[PDB]
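Before any questions on binding or motion, here is one chain by itself as C-alpha cells, the form deposited in one PDB entry.
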C-alpha cells in the first residue's frame, strides 16, 4: 500500500503528495533506475554496475565498461550489450547521451520497469515551451551526438519507442536527471528514476533521497500531513539564492517561490569574509572539484592546502567556498590515509554544517559519521560517541535501516561503546 500518490499541482505540474501522515525517517518509495550510467570522472574508477570503487575488470569487447567482479560484469551484460557495440564503434559520449542510449534500450528490450510505476519516461516534463534558443541549440547537438554514437544499434525510428522524439527525450533528461552519489557522498553516476521524478523541488524540503549504489531511497525528513506535497531539494545546500536561481532556471526552467529564496535566507552568512578572496577560492574550486570528480586526491589536497593554509588572506569556515574546500580536503585526506589532518578539516566543518544542513540532511549525517569515525580511530571515545550518536540520529531519518551505511555506523557505535565500557 503506497504512502504517496501522484497528483496535479496548481502551478508546478505533476507532483507527489502524502496519502497517510508521514513521520521523519519513514520510507516512502524505493527504486532502481530506469537507466543509469557512471559519470565521466568516475568511469574506470567505480564499477559500472554497482557503483562501488575497487582494480576493475574491463569489458573485453568495448574496453569502456569496467566492473568490480565477474558477477557485476555478467549481470550488467544484458543492459550493456547494445551500448557495447556503439562504444566500440566510436570518442566517448556525454553522460546524458550514454544515459539516453540506455533508456532507449531498456524501453525497447526490457520488460516494463518498476521504476516507472508512478510515472514513466513518456510522462516526464520536458519544459520545451520554456527552453531558450541557446538551450534548444544545445539539445540539437545532443540529438546529433546520440545519432552518431548509436548508429550501430539505432538507424531508424523503427528502433526507437513509438513516436519517440530525441529532442524531447533530451529535454526530459535535462530536467529529470538524478546525480547518484556513493556512500561517501561522492558523485559517481547519473540516472533516471521516473516515479521519483514526480517530486517537485524545495530549498527547504520535507523529504530526502539517498543512494545505495544505484538504488534510491526516498524518506520523509519532517512530519508530513495527508495531502501535503512531498518535496526534495534538487540542489547542493551550499549555494546562495542567486546560485540556486541560476541553476533552477537553467536546468529546471522555474523560478523558486520558497521562503528562503524570497528572503535570501543564509546568503549573507554564506558569503562572509573578503569578496576578492572568496571569488578566487570559488574559481579554484572549479579545478578542485574537477580533480575530485576524477578521484585525484593528492592533487585535490595540494590545491586545498594552498587555500586553507594560505600565506595570503583567509576565509571564515562558514563561507561556503572555504567550507567546500575544507570538505574536499577532508575527503582527500581520508582517501589518502592522512587521518589526523582529515580530522582537523572535518572538525572545522561541523559547526558550518550544523547551520547549513538544518534538520536531517544525509550530507550532514555522513559528514558527522566521518568525523566520529576519525575520532574513534584516534581513541577519542567520548567525542567519537557523541558524533556517532548524532550521525545515527540524522541517518536513521535520512538513510534508515534499508541503507547499508547505517549498518556500518551501528558497528562503529558498538565498537566505540565497547571502548567506553572498558575505560
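Positions refer to the first chain, counted from 1.
Next item on the list: Could you bin the unmodelled part of the deposited chain lying between residue 54 and residue 55 as none, 1 to 3, 4 to 9, or 10 or more?
Entry: 1 to 3 residues lack coordinates between residue 54 and residue 55.
Check: Which class fits the unmodelled deposited stretch between residue 90 and residue 91: none, 1 to 3, 4 to 9, or 10 or more?
Finding: Just 1 to 3 residues are missing between them.
Notebook entry, point to check: Higher mean Cα B-factor in the deposited model: 396 to 404 or 411 to 419?
Noted result: For C-alpha atoms only, the mean B-factor is higher in 411 to 419.
Next item on the list: Averaging the C-alpha B factors as listed in the entry, name the stretch that ends up higher: 70 to 78 or 152 to 160.
Entry: Per the PDB entry, the higher value belongs to 152 to 160.
Notebook entry, point to check: Looking at 135, 249, 348, 287, which has the highest Cα B-factor in the entry?
Noted result: Among 135, 249, 348, 287, the PDB entry lists the largest C-alpha B-factor for 287.
Next item on the list: Pick out which of 167, 234, 297, 254 has the highest C-alpha B-factor in the PDB entry.
Entry: Across 167, 234, 297, 254, the entry lists the biggest C-alpha B-factor for 297.
Next item on the list: Would you please rank residue 309 by its C-alpha temperature factor against the other modelled residues of its chain and give the third it falls in: lowest, middle or highest?
Entry: It falls in the middle third of the chain.
Notebook entry, point to check: Lowest, middle or highest third: where is residue 378 by C-alpha B factor in its chain?
Noted result: For residue 378, whose C-alpha B-factor we compare with every modelled residue in the chain, the answer is the highest third.
Check: Against its chain's modelled residues, does residue 369's Cα B factor rank lowest, middle or highest third?
Finding: Answer is middle: the recorded C-alpha B-factor places it there.
Notebook entry, point to check: Would the CA B-factor of residue 184 place it in the lowest, middle or highest third of its chain?
Noted result: Its C-alpha B-factor, which the entry lists for residue 184, ranks in the middle third among residues of this chain.
Item checked: residue 275 CA temperature factor, ranked by third within the chain -> Residue 275: CA B-factor falls in the middle third of its chain.
One more form of this protein exists, namely the form deposited with a small molecule bound; it is left out here, but the text below deals with it.
Next item on the list: Evaluate residue 250 for contact with the small molecule in the entry with it bound, applying a 4.5 angstroms cut-off between non-hydrogen atoms, and reply yes or no.
Entry: Result no; residue 250 lies far from the small molecule in the entry with it bound.
Check: Even though the small molecule is not shown here, does residue 183 get within 4.5 Å of it in the entry with it bound, heavy atoms only?
Finding: Heavy-atom contact with the small molecule at 4.5 Å: present for residue 183.
Check: Wondering, does residue 414 line up within 4.5 Å of the small molecule in the entry with it bound on heavy atoms?
Finding: Residue 414: no, not in contact with the small molecule in the entry with it bound.
Margin query: So in the entry with it bound, is the small molecule close enough to residue 394 to count as touching (4.5 Å, heavy atoms)?
Written below: Residue 394 lies outside the contact set for the small molecule.
Notebook entry, point to check: Thinking of the small molecule in the entry with it bound, which stretch from 267 to 275, 183 to 191, 158 to 166, 305 to 313 has heavy atoms inside 4.5 Å of it?
Noted result: Only one stretch passes the 4.5 Å heavy-atom test: 183 to 191.
Next item on the list: Could you work out which of 46, 65, 384, 366 is the residue within 4.5 angstroms of the small molecule in the entry with it bound, going by heavy atoms?
Entry: Looking at the other structure, the residue within range turns out to be 366.
Next item on the list: Work out which of 58, 354, 389, 377 lies within 4.5 Å of the small molecule in the entry with it bound, going by heavy atoms.
Entry: Flagged contact: 377.
Check: Candidate spot 85, 100 and 150, all three in 4.5 Å heavy atom range of the small molecule in the entry with it bound?
Finding: None of them does, since no heavy atom lies within 4.5 Å of the partner.
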